[PDB]
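Q: After the structure tokens below, expect a handful of questions from me.
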Number of protein chains: 4
Amino acid sequence: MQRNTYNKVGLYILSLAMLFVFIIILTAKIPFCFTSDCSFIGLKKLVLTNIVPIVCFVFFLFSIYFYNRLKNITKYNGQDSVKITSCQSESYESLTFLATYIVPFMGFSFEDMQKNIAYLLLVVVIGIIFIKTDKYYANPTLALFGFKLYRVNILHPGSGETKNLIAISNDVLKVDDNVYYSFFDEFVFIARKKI
Amino acid sequence: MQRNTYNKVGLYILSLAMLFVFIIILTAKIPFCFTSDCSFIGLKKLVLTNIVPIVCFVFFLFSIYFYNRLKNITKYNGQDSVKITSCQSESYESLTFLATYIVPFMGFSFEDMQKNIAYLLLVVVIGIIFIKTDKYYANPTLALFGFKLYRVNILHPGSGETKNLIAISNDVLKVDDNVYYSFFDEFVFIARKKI
Amino acid sequence: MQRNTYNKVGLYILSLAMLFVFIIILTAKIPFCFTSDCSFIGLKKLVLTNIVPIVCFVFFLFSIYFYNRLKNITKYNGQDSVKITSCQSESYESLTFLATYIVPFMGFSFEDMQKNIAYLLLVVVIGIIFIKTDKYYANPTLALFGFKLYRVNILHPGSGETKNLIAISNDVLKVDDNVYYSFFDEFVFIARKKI
Amino acid sequence: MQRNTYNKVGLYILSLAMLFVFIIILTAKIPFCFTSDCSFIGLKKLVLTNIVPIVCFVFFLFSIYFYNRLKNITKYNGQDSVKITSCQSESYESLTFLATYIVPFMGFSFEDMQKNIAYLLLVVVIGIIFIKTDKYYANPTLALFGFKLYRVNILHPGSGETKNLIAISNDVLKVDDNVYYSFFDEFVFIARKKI
């Protein structure tokens with residue numbers, strides 16, 4: 001706990017960034033006007049009527065920070081290559097996330113605050129079950145930024161072959177290719193596809 | 001029937017505890033008055049206003065009781081050990097269950113009573129099909145409390161090997177591991193790692 | 001076409017009986033009056049305000065008739081036995097059908113008639129895709145009445161090893177049991193579990 | 001990029017035709033009154049009160065145009081045959097594209113324009129993830145028009161065999177059921193079943 005659990009939580013908060021921008025687009029009660037007699041009402045009621053865009057904004061900066069901490073593991077190391085023996089695509093495991101765990105929150109109505117406490121508890125419970133599930137690599141935000149999630153079986157030049165790894169890659173991979181690595185956990189590594 | 005059916009119903013009522021706490025949080029309609037104008041309006045119309053959180057409260061105590069009756073399985077004789085040959089982490093169930101059978105109830109509006117009778121009938125029909133569907137081990141309330149559901153293939157020192165069992169383990173298991181069992185049913189056993 | 005398509009349409013109309021029951025429970029605005037002031041409005045207004053419960057009632061009688069036409073095939077030719085060589089329980093397809101194709105109908109609001117035309121078009125389009133989708137045996141109404149859907153490979157005494165058949169059974173089956181067949185199509189047969 | 005991406009975007013716009021038909025049926029505020037005092041309000045406010053049927057109409061003609069291009073990819077070539085070694089039906093991967101990605105759109109209320117901007121962003125995001133998701137052959141509009149999507153492993157008479165191809169076809173296929181190809185990408189080809 002407290003290192004692998006925090007890494008998986010930082011992967012999960014990245015997976016909810018599309019939900020936070022969806023709620024910000026959905027239920028922001030901004031007074032969009034261009035007339036002369038529609039002057040500023042003040043920061044007090046503008047903050048008070050826009051509570052859930054403010055909270056989803058703070059969570060969106062948290063998702064941006066965790067994306068930065070994900071790129072910080074491909075910053076440092078990774079001048080070593082392996083060979084893929086069996087690559088099966090698992091990008092659809094990202095998209096079913098967007099099919100199931102995000103669009104019901106589009107379906108709800110964020111008017112009363114008690115229902116918002118219920119939806120926040122649903123997000124927290126989905127996170128706690130999602131941490132310990134060995135499917136935490138599913139991401140709408142990562143798969144939206146060109147990355148593809150593959151199930152590979154790498155083979156090291158000197159150690160041997162390790163089975164059932166998950167490769168987040170920037171380009172397409174196939175059987176008998178040459179990729180780099182930067183291991184997030186003992187399950188997920190970022191590939192780079194040496195040409 | 002009966003006893004095995006009652007054990008599976010007791011596993012199913014445990015699977016719905018998060019739904020009952022979501023309905024209690026969602027539609028409570030309790031007077032939360034910080035103002036001095038709102039006094040106690042009376043117990044009778046407070047009970048008559050809150051009908052679905054009272055019923056979901058009673059079902060929540062039923063889920064707590066069935067969790068206690070699940071823990072009574074591992075209270076008694078569990079002092080044997082086996083060896084694990086396959087350890088396929090089928091813990092993604094209790095997350096498709098959560099967002100396919102518990103999340104759609106959160107979007108309904110629990111206002112008119114015929115609609116509540118329809119939702120109760122949906123819960124009953126989902127339960128009747130879920131008893132005999134070979135996937136009754138999926139449990140959001142169990143997977144909240146650290147438990148991981150594994151598809152396992154055990155081997156006994158004296159009898160032999162038995163195929164396709166389900167282990168509700170407390171900690172992570174792998175191939176060639178020693179666990180202590182307590183058999184809930186002929187398909188699902190509570191396992192604890194021996195270390 | 002025709003006859004095989006009509007049999008698959010009958011199985012699909014059988015698969016939608018719980019939806020018609022749910023709509024009849026949901027949106028029937030019957031005037032349940034115990035008071036002495038609520039007299040009869042008339043049969044005309046009771047019919048005109050309950051149009052879609054009447055339509056779902058007619059479809060429920062069609063589902064009952066197609067259940068009768070399914071049960072007609074266990075009567076006439078069932079004096080032969082076969083042996084199951086590989087049984088895998090596929091009773092979860094019915095529950096995924098119930099949770100995915102019937103539950104989202106329950107959350108719609110059946111008030112404006114244009115929306116009702118849209119939902120009827122969704123039912124028709126789901127049926128047209130569901131006839132030819134190779135998974136037409138999924139059924140909430142059949143799995144409610146004790147039937148379990150299995151994937152078996154029968155062994156004939158003198159004909160061969162026709163594999164990949166779908167067995168609707170009244171009781172549990174495993175490897176090496178004898179079952180009485182009554183073929184519906186070239187894919188789905190009703191077993192009987194010869195003791 | 002470009003051309004392959006444009007072909008996959010065309011297949012995705014073909015995949016969404018039933019959604020545009022459903023929205024046009026759902027939220028068209030057309031004054032369907034046969035009364036004598038139901039005069040024309042005017043073209044301008046008829047256009048302004050029906051903005052999202054107009055947008056979904058334009059997208060429906062785009063889906064019709066991309067269906068025309070998919071027929072143009074089979075107009076020209078397609079005078080060579082292969083042999084099929086392993087045929088597995090995958091038409092259900094079409095239908096799960098419906099009930100998870102097109103069904104929950106009709107539960108939304110298309111009244112306020114901010115919510116419509118959110119739903120359009122959801123369509124765009126589902127499209128961006130669905131291009132690279134390796135399951136882009138899923139189709140409600142194609143599977144409506146008799147086409148079945150199979151997973152085949154063709155064998156050429158002179159070149160050899162190729163594994164894991166996806167065949168869109170008009171009639172039922174099996175092993176040793178020679179077909180004519182009209183290859184769209186390196187993954188999806190249109191079969192014709194040379195008798």
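Labels for the structure tokens follow display order: chains A, B, ..., residues from 1 in each chain, ligands from 1.
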Applying 10 Å and only C-alpha atoms, which residues near residue 28 (chain A) remain after dropping the ones on its own chain fewer than 5 positions away? List them as a list in words.
A: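 With the cut-off at 10 Å, the set is residues 23, 49, 50, 51, 52, 53 and 54 of chain A; 114 of chain D.
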Q: Store the residues picked out above in a file with N, CA and C atoms, as a short mmCIF file (atom, residue, chain, number, x, y, z; two decimals), in the first residue's frame.
A:
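Below you can see selection_3.cif, which holds the result:
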data_model
loop_
_atom_site.label_atom_id
_atom_site.label_comp_id
_atom_site.auth_asym_id
_atom_site.auth_seq_id
_atom_site.Cartn_x
_atom_site.Cartn_y
_atom_site.Cartn_z
N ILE A 23 -18.93 17.25 -17.11
CA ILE A 23 -19.78 17.89 -16.10
C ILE A 23 -19.62 19.41 -16.15
N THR A 49 -23.63 29.42 -7.24
CA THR A 49 -24.46 28.66 -8.17
C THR A 49 -23.65 27.69 -9.03
N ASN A 50 -22.33 27.80 -9.03
CA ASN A 50 -21.45 26.96 -9.84
C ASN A 50 -20.55 26.09 -8.98
N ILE A 51 -21.11 25.42 -7.98
CA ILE A 51 -20.30 24.65 -7.04
C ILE A 51 -19.70 23.41 -7.71
N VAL A 52 -20.52 22.63 -8.41
CA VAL A 52 -20.00 21.43 -9.06
C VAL A 52 -19.11 21.69 -10.29
N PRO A 53 -19.24 22.78 -11.09
CA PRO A 53 -18.13 23.07 -12.01
C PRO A 53 -16.83 23.42 -11.31
N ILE A 54 -16.88 24.06 -10.14
CA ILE A 54 -15.65 24.39 -9.42
C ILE A 54 -14.98 23.12 -8.91
N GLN D 114 -26.67 23.86 -24.14
CA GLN D 114 -25.42 23.49 -23.48
C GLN D 114 -25.30 21.98 -23.34
#
Q: Taking only C-alpha atoms into account, report as a PyMOL selection string which residues of chain A lie within 6 Å of chain B.
A: chain A and resi 108+115+118+129+133
Q: Using only C-alpha atoms, which residues sit within 12 Å of region 71-75 of chain B once same-chain residues fewer than 5 positions away are excluded, as JSON, numbers by chain?
A: {"B": [7, 10, 11, 14, 64, 65, 66, 80, 142, 168, 169, 170, 180, 181, 182, 183, 184, 185, 188, 189, 190, 191, 192]}
Q: Go ahead and compute the interatomic distance for CA of residue 124 (chain B) and CA of residue 68 (chain B), in Å to one decimal.
A: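 Separating CA of residue 124 (chain B) from CA of residue 68 (chain B) is a distance of 22.3 Å.
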Q: DSSP on the backbone: which residues in region 46-167 of chain D end up as strand (DSSP E)? Give the answer as a PyMOL selection string.
A: chain D and resi 81-84+88-89+148-152+154-155+165-167
Q: I want to know what sits within 12 Å of residue 1 (chain A), based on only C-alpha atoms, with residues of the same chain fewer than 5 positions away left out; could you give that as a ChimeraX atom specification?
A: /A:6-9,131-132 /B:146
Q: Export, as a PDB file, in the first residue's frame, the selected residues with C-alpha atoms.
A:
ATOM      1  CA  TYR A   6      -1.157   5.733  -4.939  1.00  0.00           C
ATOM      2  CA  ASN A   7       0.157   4.920  -8.430  1.00  0.00           C
ATOM      3  CA  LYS A   8      -3.083   3.130  -9.317  1.00  0.00           C
ATOM      4  CA  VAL A   9      -5.165   5.988  -7.858  1.00  0.00           C
ATOM      5  CA  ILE A 131      -8.018  -0.069  -7.895  1.00  0.00           C
ATOM      6  CA  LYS A 132      -7.724  -3.789  -7.054  1.00  0.00           C
TER       7      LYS A 132
ATOM      8  CA  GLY B 146     -10.298  -5.973   0.233  1.00  0.00           C
TER       9      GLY B 146
END
Q: Can you measure CA of residue 171 (chain B) to CA of residue 137 (chain A) for me? One decimal in Å is fine.
A: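 If I compute the distance from CA of residue 171 (chain B) to CA of residue 137 (chain A), I get 20.8 Å.
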Q: What's the separation between CA of residue 139 (chain C) and CA of residue 12 (chain C), in Å to one decimal place?
A: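 Atom-to-atom, CA of residue 139 (chain C) and CA of residue 12 (chain C) are spaced 7.9 Å apart.
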Q: Hey, what does DSSP flag as alpha helix (DSSP H) within region 98-129 of chain B? Can you give it to me as JSON, numbers by chain?
A: {"B": [103, 104, 105, 106, 113, 114, 115, 116, 117, 118, 119, 120, 121, 122, 123, 124, 125, 126, 127, 128, 129]}
Q: What's the 9 Å shell around residue 88 (chain D), counting only C-alpha atoms, without same-chain residues fewer than 2 positions away, as a short mmCIF file (atom, residue, chain, number, x, y, z; two decimals) with N, CA and C atoms, in the first residue's frame?
A:
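Generated output (part-v6.cif):
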data_model
loop_
_atom_site.label_atom_id
_atom_site.label_comp_id
_atom_site.auth_asym_id
_atom_site.auth_seq_id
_atom_site.Cartn_x
_atom_site.Cartn_y
_atom_site.Cartn_z
N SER D 86 -11.47 -21.07 -40.77
CA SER D 86 -12.01 -20.97 -39.42
C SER D 86 -12.99 -19.80 -39.39
N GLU D 90 -19.49 -13.13 -35.43
CA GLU D 90 -19.26 -11.99 -34.55
C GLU D 90 -20.27 -10.89 -34.85
N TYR D 150 -18.40 -11.64 -39.78
CA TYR D 150 -17.78 -12.87 -39.31
C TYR D 150 -16.28 -12.66 -39.15
N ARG D 151 -15.65 -13.52 -38.36
CA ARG D 151 -14.19 -13.52 -38.20
C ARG D 151 -13.66 -14.77 -38.90
N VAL D 152 -13.00 -14.57 -40.04
CA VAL D 152 -12.57 -15.67 -40.89
C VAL D 152 -11.05 -15.65 -41.01
N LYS D 174 -19.52 -20.57 -43.70
CA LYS D 174 -19.04 -21.69 -42.90
C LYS D 174 -17.65 -22.07 -43.42
#
